[PDB]
Ligand SMILES: Cc1ncc(COP(=O)(O)O)c(CN[C@@H]2C[C@H](N)[C@@H](O)[C@H](O)[C@H]2O)c1O
Ligand SMILES: Cc1ncc(COP(=O)(O)O)c(C=O)c1O
Ligand SMILES: [Cl-]
């Protein structure tokens, strides 16, 4: 059968056990003798990425929101985001009362096309959110150059690329702030979870306050007594409670340990598949940027020519492969419809949002981003747990697609 | 039982461990994970909480604060709206309102319940007002008879903030079931906790579906829960309303299911002890316990509150009173402390510092800091809150607190 995801061991279980033995289940819970799982996780992930500051939080969505809040973003601002991504990239912007402004993606990476960014920049633009989508990385060299020239911040959405390396720098480390999801499907997971990283110490403080009802850590854990609060008032910036449970921080500490190993396994299997699948006619694989030395695969993506597969759309191509391979819709599916065409994206439906950002239904749906729209219609996405199988088991994917090619010659 | 130590919080057992194991056995850690043959912990917990509360619909979420925020969104509250809240509460009650681009409007609390004073609500009502958020604070309930009458007369919604009152009963209805939507926190210090978490409940079927969508990126569960395969998504697109991800992890939903098992009985222990304290403490001259309305047949005590007259206690404030008591009982600060400052005076409340909030609602430091609610203001200076863990001790342990308070009265007689 196909690999399950997530994967736990007894180390997972021990880490939970430590939480129960601590009797501290939240960071807003008082000190009970030793450091919290949150801070231990924050340190370990920050060292994993060679970045100095990390603040855990509740989700990838909330991580983006906090990041935007920390950069002073608000009413009247525009934030540039890719047309092809999971809707959270966009709705995070809406959630801080800014307008997301879409830009199409490159055909070979499905990451935001730096050559189209300039043309979307306006007086209101304050930031860009590139997404390291599926199993690639947005072009951070070009994107940082554009941002530096137009005075814009850069928030990396690393939800699908935990541990990717671009010119010796881990994903999330290269813009001003890096945002991560630890939702079940992701390569680093506790069911739900969020992470922020940054090199900037001012941002570190503001992000703590944003996620802890305006509080920061105390100056020195080492002088806390049993019963004392570790979180203390600051009030430089208003926050709400987006604190990660100690149970989740503990599982992340466990899961982190096997991250680089499992990423290399995935990456090598992506390679196998590129080699295999590219030999089939009318199957295109993604192009790896030179700058990337280590690529994390959350989803492995290839493209098909509908002219050589009997006019199949990817919904149908995927329904066939799922029946032929005996794997479900979590494991195999087309990319997200681009955000403006995605029924889950519907800001006009809620009053919270400003009149000026919710536009109308026709407004948003009538937008056009042809690379993104094509990609959704003629690409197949394989969930990364499949990149943890035996290469002999992967050859079943290759043959299933070789059989489909053969049939529709 | 002789005294050895004050009870601590939280409290687990091996049933808690087994609930975590079941999550591992399931191989489903998020409600956004693939179907593995049985319903989520989320759903199991929702159904359990629904039954406990006598309420048709239940949707877990991530925190009390998000529960409040999502309840507001689900009632269509947004820019240009006002929402009435009490001055005396935790700041999340107000900041959840600012989060949806509405203006929180403070009303003072009643002297002998510290819950929103219904007689002051009419005066704060304007054309912008769309809802009231009563808080069932510490170990009282807001007056839902009066609040619902005012709400009906003025076409306002009512969201009950139940974070400090899980299981309280007003005229044979559980707290959270009486207004349009109930919101709950399951943060560590609460009586029902998984360290973090939240709950939303409603009677209204349309609100149930909206709330589902508001917490799972505009998704609901697929219709036929048992006509999908292992490895399939169970959340399907719906898109009636724009949502975000405010899904509770299966590990937390699992913990809550275990904890909920014991909730009613641990609440009864607390309440039996609160009554004993009210008996004992009300006999000390200068001490005033809170008044419990006859509509309340079960009161959940997140905190036991009593008041003191500084005139009869040497001019001490609450902070000093608490410090003495903690010294003499060897009790920690988490368990015995004055109540909250009023929200408008709380330093953690500083919405003007945040550009994300609309200029029109964040206003200025001068605006918020310069408000005045006397009853609520005096609360922190002359009240003592006992965290509910201490109420799981034996009655003879609690008598030690009574004697400490009585001794201190004697000194100043
Ligand atoms: C680029 C990007 N940015 C932000 C996010 C949001 O993070 P979370 O709030 O942790 O979900 C995601 C997660 N996206 C996933 C996508 C998946 N199809 C869905 O079923 C799942 O619930 C969600 O976690 C992402 O992929
Ligand atoms: C009355 C009240 N409302 C809302 C909240 C917010 O709950 P959470 O901390 O889980 O966001 C709390 C938490 O302390 C609370 O006491
Ligand atoms: Cl989608």
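Chains as they are written, first to last, in the authors' numbering: chain B, 7 to 415; chain A, 3 to 415.
Just so it is clear, CB atoms sit at the ideal spot from N, CA and C, and this is done for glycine as well.
- Message: Given 7 angstroms as the limit, tell me if residue 319/A has its C-beta closer than that to any heavy atom belonging to ligand 1.
- Response: Residue mapping note: residue 319/A aligns to position 317 of the second chain, counting from 1. No - ligand 1 has no heavy atom lying nearer than 7 angstroms to the Cβ of residue 319/A.
- Message: Can you determine whether any heavy atom of ligand 1 sits closer than 7 angstroms to the C-beta of residue 73/B, and answer yes or no?
- Response: If you number the first chain from 1, residue 73/B lands on position 67. It does not: the Cβ of residue 73/B is nowhere closer than 7 angstroms to a heavy atom of ligand 1.
- Message: Can you pull the chain B neighbours of residue 80/A, defined as C-beta to C-beta under 9 angstroms?
- Response: Sequence index remark: in the second chain, residue 80/A carries index 78 (1-based). 356, 357, 358, 359, 360, listed in chain order.
- For residue 255/A, count neighbouring Cβ atoms within 10 angstroms of its own Cβ and tell me buried if that reaches 16, exposed if not. By 1-based counting over the second chain, the position of residue 255/A is 253. Buried.
- Identify each residue in the region 186-202 of chain A for which the Cβ-Cβ distance to at least one residue of chain B is less than 9 angstroms, and report them in chain order. 187, 189, 190, 191, 195, 196, 197, 198, 199
- Message: Can you tell me where the beta strand (DSSP E) holding residue 385/A begins and where it ends?
- Response: Stepping through the second chain from its first residue, residue 385/A is reached at position 383. Where residue 385/A is concerned, the enclosing beta strand (DSSP E) stretches over 385-389.
- Query: At least one CB of chain B closer than 8 angstroms to the CB of residue 59/A: is that the case?
  - Reply: The sequence position of residue 59/A within the second chain is 57, counting from 1. Chain B contact via Cβ: absent.
- chain A beta carbons: is any one of them nearer than 8 angstroms to that of residue 349/B? The residue labelled residue 349/B in the question sits at position 343 within the first chain. With 8 angstroms as the cut-off, residue 349/B counts as an interface residue toward chain A.
- Message: Less than 7 angstroms separating the Cβ of residue 198/A from some heavy atom of ligand 2?
- Response: For this step, residue 198/A is matched to residue 196 along the second chain. Indeed, a heavy atom of ligand 2 lies less than 7 angstroms from the Cβ.
- Query: Could you give the uninterrupted runs of the alpha helix (DSSP H) lying entirely in the region 13-86 of chain A, keeping only those of 4 residues or more?
  - Reply: 16-28, 43-55, 66-76
- Could you work out which residue in 141/B, 86/B, 82/B is closest to residue 303/B when comparing CA atoms only? Along the first chain, one-based indexing puts residue 303/B at 297. Of the candidates 141/B, 86/B, 82/B, the one whose C-alpha sits nearest the C-alpha of residue 303/B is 141/B.
- Taking the Cβ atom as the reference point for each residue, do residue 288/B and residue 330/B lie within a distance shorter than 8 angstroms? Here residue 288/B refers to the residue found at position 282 of the first chain. Here residue 330/B refers to the residue found at position 324 of the first chain. Cβ atoms of residue 288/B and residue 330/B: not closer than 8 angstroms.
- residue 387/A: contacting residues in chain B (beta-carbon distance under 7 angstroms): In the second chain, the residue the question calls residue 387/A occupies position 385. Ordered by position in chain B, no residue passes the 7 angstroms Cβ test against residue 387/A, which lies about 15 angstroms from the chain.
- In terms of DSSP beta bridges, what is residue 175/A paired with? By 1-based counting over the second chain, the position of residue 175/A is 173. Partner(s): 172/A.
- List the residues of chain A whose Cβ lies closer than 8 angstroms to the Cβ of residue 102/B, in chain order. As a first step, residue 102/B must be located in the first chain, where it is residue number 96. Those within 8 angstroms of residue 102/B in chain A are 358.
- Residue closest to residue 383/B, alpha-carbon to alpha-carbon, out of 340/B, 354/B, 40/B, 134/B: For the purposes of this step, residue 383/B is identified with residue 377 of the first chain, where counting begins at 1. Nearest C-alpha to residue 383/B: 340/B.
- Query: Should residue 305/A be counted as a contact of ligand 2 given a C-beta to heavy atom distance under 7 angstroms?
  - Reply: Taking the second chain and counting its residues from 1, the one referred to as residue 305/A is at position 303. Checking every heavy atom of ligand 2 against the Cβ of residue 305/A, none is found closer than 7 angstroms.
- Query: Who are the Cβ neighbours of residue 89/B in its own chain at under 7 angstroms, not counting the five residues just before and after it?
  - Reply: As a working note, residue 89/B is residue 83 in the first chain. 108, 109, 110, 111, 344, 345, 346, 375, 378.
- Secondary structure of residue 409/B, DSSP reduced to three states: Here residue 409/B is taken as the residue at index 403 of the first chain, counted from 1. Residue 409/B falls in the helix class under three-state DSSP.
- Whole-angstrom distance between residue 337/B and residue 270/B, CA atom to CA atom: The count along the first chain starts at 1 and reaches residue 270/B at position 264. The count along the first chain starts at 1 and reaches residue 337/B at position 331. Rounded to whole angstroms, residue 270/B to residue 337/B spans 20 angstroms at the Cα level.
- Task: Let me know the secondary structure DSSP gives residue 143/A once reduced to three states.
- Result: Residue 143/A sits at position 141 when you count from the first residue of the second chain. The answer is coil: DSSP assigns residue 143/A none of H, G, I, E or B.
- Can the beta-carbon of residue 260/A be found closer than 8 angstroms to that of residue 63/A? If you number the second chain from 1, residue 260/A lands on position 258. If you number the second chain from 1, residue 63/A lands on position 61. Contact flag unset, no.
- Task: With DSSP as the reference, label residue 235/A as helix, strand or coil.
- Result: Here the question's residue 235/A lines up with position 233 in the second chain. Note: residue 235/A maps to strand in three-state DSSP.
- Message: Per the DSSP calculation, residue 185/B is bridged to which residue(s)?
- Response: Reading the first chain from its first residue, position 179 is the one you call residue 185/B. Answer is 163/B, 202/B, bridged to residue 185/B.
- Item | Contact set between the region 232-256 of chain B and chain A, restricted to residues whose Cβ is under 9 angstroms from the partner | 232, 233, 234, 235, 239, 240, 241, 242, 243, 244, 245, 246, 247, 248, 249, 250, 251, 252, 253, 254
- Query: On the three-state DSSP scale, how would you describe residue 227/B?
  - Reply: For this step, residue 227/B is matched to residue 221 along the first chain. If DSSP states are grouped into helix, strand and coil, residue 227/B belongs with the helices.
- Task: Anything in chain B within Cβ reach of residue 29/A, meaning under 7 angstroms, just list it in chain order.
- Result: Locating residue 29/A in the second chain gives position 27, counting from the first residue. Result: 10.
- Message: For the structure I just gave you, are there three or more beta carbon pairs, one from the region 346-366 of chain A and one from the region 272-280 of chain A, closer than 8 angstroms?
- Response: no
- Query: Would you say the beta carbon of residue 189/B comes nearer than 7 angstroms to a heavy atom of ligand 1?
  - Reply: Here the question's residue 189/B lines up with position 183 in the first chain. Checking every heavy atom of ligand 1 against the Cβ of residue 189/B, one is found closer than 7 angstroms.
- Message: Please state whether the Cβ-Cβ distance between residue 183/B and residue 73/B is less than 8 angstroms.
- Response: Against the first chain, residue 183/B aligns to sequence position 177. Against the first chain, residue 73/B aligns to sequence position 67. Yes; because the gap between Cβ atoms is below 8 angstroms, this pair is in contact.
- Query: Going by the C-beta, is residue 166/A closer than 7 angstroms to any heavy atom of ligand 2?
  - Reply: The count along the second chain starts at 1 and reaches residue 166/A at position 164. Flag set: Cβ of residue 166/A near ligand 2.
- Query: Does residue 336/A get closer than 8 angstroms to chain B when you measure Cβ to Cβ?
  - Reply: For the purposes of this step, residue 336/A is taken as residue 334 along the second chain, with counting starting at 1. Chain B, which has a Cβ nearer than 8 angstroms to the Cβ of residue 336/A, makes this yes.
- Option nearest residue 115/A by Cα separation, candidates 406/A, 197/A, 387/A, 7/A: For the purposes of this step, residue 115/A is taken as residue 113 along the second chain, with counting starting at 1. Of the candidates 406/A, 197/A, 387/A, 7/A, the one whose C-alpha sits nearest the C-alpha of residue 115/A is 387/A.
- Task: Decide yes or no for the touch test of the region 66-80 of chain A against the region 186-195 of chain A: beta carbon pairs closer than 8 angstroms, at least 3 of them.
- Result: yes
- Whether residue 197/B touches residue 31/A by CB criterion (8 angstroms): To locate residue 197/B, count along the first chain from 1; it is residue 191. To locate residue 31/A, count along the second chain from 1; it is residue 29. Yes. Within cutoff.
- Reduced DSSP category for residue 303/B - H, G, I as helix; E, B as strand; rest coil: Stepping through the first chain from its first residue, residue 303/B is reached at position 297. Residue 303/B: coil per DSSP, three-state reduction.
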